[PDB]
Amino acid sequence: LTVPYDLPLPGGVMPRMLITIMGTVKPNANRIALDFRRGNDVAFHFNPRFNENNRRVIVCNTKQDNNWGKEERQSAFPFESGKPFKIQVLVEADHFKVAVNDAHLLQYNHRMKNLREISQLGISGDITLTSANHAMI
Ligand SMILES: OC[C@H]1O[C@@H](S[C@@H]2O[C@H](CO)[C@H](O)[C@H](n3cc(-c4cccc(F)c4)nn3)[C@H]2O)[C@H](O)[C@@H](n2cc(-c3cccc(F)c3)nn2)[C@H]1O
């Protein structure tokens with residue numbers, strides 16, 4: 001799949017929706033991002049960074065009217081340059097759950113609670129993308 005990729009979500013999202021994203025991180029990667037978009041806003045941005053001041057970190061945030069909010073940062077970092085990944089995002093009523101490679105990673109509480117208007121999932125950064133699917137579980 002061509003990166004950056006925009007997965008259409010015309011139905012929006014809703015509790016019990018699982019999004020499964022598979023691919024391989026490129027060699028010498030710098031960044032990856034998932035953007036759950038609502039028009040011009042980003043309800044949930046999930047952004048692994050491989051070298052921010054010589055640290056690996058996951059940054060999560062929301063963008064409202066061109067302004068980013070308070071970042072939620074994780075040092076737990078399951079990605080490796082050149083290696084395959086499987087990111088899974090489970091939508092729940094109060095939060096997104098994120099798992100990587102079949103291990104729960106983090107939760108992000110909803111900040112923008114109108115899940116029906118999250119209309120696209122952007123998938124960007126330093127990856128080869130195999131697949132991006134959703135299902136109700
Ligand atoms: O919030 C999420 C956003 O972050 C800014 S960078 C942001 O800039 C701010 C400027 O004042 C602060 O410096 C902020 N910051 C750092 C720290 C800190 C705290 C502790 C340690 C430590 F070192 C550092 N605290 N605050 C930075 O994260 C990115 O551009 C943005 N973005 C990314 C992408 C993007 C596009 C395509 C692909 C891709 F992967 C990403 N498209 N938009 C998005 O990811």
Side-chain angles (χ1 to χ4, degrees), residues 1-37 39 41-54 56-62 67-69 71-113 118-137:
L1 300 186
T2 302
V3 174
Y5 182 77
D6 279 349
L7 180 68
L9 293 173
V13 311
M14 72 283 305
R16 300 309 300 181
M17 183 181 277
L18 180 74
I19 303 99
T20 304
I21 306 101
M22 296 173 63
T24 308
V25 176
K26 295 175 185 193
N28 325 123
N30 293 300
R31 64 188 58 84
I32 302 165
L34 297 187
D35 287 279
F36 287 89
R37 301 197 181 103
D41 283 354
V42 176
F44 172 40
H45 177 78
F46 170 83
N47 176 214
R49 302 177 186 186
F50 289 75
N51 189 356
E52 185 195 51
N53 309 310
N54 293 331
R56 301 156 102 193
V57 61
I58 315 277
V59 177
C60 295
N61 207 350
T62 293
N67 295 290
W68 290 101
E71 294 176 339
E72 297 180 27
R73 284 159 163 277
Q74 246 316 316
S75 46
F77 192 96
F79 303 96
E80 303 174 72
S81 292
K83 297 305 180 70
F85 67 88
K86 175 174 65 187
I87 301 164
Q88 287 173 306
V89 182
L90 181 61
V91 180
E92 306 213 277
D94 301 333
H95 61 264
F96 300 90
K97 289 185 57 163
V98 184
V100 181
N101 301 342
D102 309 305
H104 178 66
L105 179 66
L106 67 79
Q107 294 185 1
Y108 186 85
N109 291 329
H110 295 307
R111 296 185 189 170
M112 246 111 258
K113 294 176 171 217
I118 297 175
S119 85
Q120 187 176 77
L121 172 61
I123 303 165
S124 306
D126 301 328
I127 64 172
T128 57
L129 182 57
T130 301
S131 168
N133 293 135
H134 62 90
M136 298 297 295
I137 67 156

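In each ligand, atom 1 is the first atom listed, and ligand 1 is the first ligand listed. Keep in mind that the numbers below use all heavy atoms, side chains included, and drop hydrogens, waters and symmetry copies. Numbering starts at 1 and runs along the sequence shown.
- Which of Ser124, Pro4, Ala33 comes nearest to atom 41 (C) of ligand 1 through a heavy atom is settled by distance: it is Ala33.
- Annotation: salt bridge (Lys or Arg N to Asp or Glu O under 4.0 Å) contacts of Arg31 (sequence neighbours excluded): none.
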Scan the side chains in residues 76-89 for donor-acceptor partners under 3.5 Å anywhere in the protein, sequence neighbours excluded, and list what turns up.
| unit_1 | atom_1 | unit_2 | atom_2 | d |
| --- | --- | --- | --- | --- |
| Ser81 | OG | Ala29 | N | 3.4 |
| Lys86 | NZ | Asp102 | OD1 | 2.7 |
| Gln88 | NE2 | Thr20 | OG1 | 3.0 |

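- Atoms of ligand 1 lying under 4.0 Å from at least one heavy atom of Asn53, given by number and element, are 23 (F).
- Close approach of ligand 1 to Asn47 (heavy-atom distance below 4.0 Å) involves ligand atoms 40 (F), 41 (C), 45 (O).
- Atoms of ligand 1 found under 4.0 Å from any heavy atom of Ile32, numbered from 1 in the order shown, are 40 (F).
- Atom NE2 in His45 sits 10.0 Å away from atom OG1 in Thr62 (nearest 0.5 Å).
- Ring pair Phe96/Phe46: centre-to-centre distance not below 6.0 Å.
- Ranked by closest heavy atom to atom 29 (C) of ligand 1, the top entry among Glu52, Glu71, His45, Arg49 is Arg49.
- Checking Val3, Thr24, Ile21, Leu1 one by one against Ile127, the side chain to side chain contact (heavy atoms under 4.5 Å, CB included) holds for a single residue, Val3.
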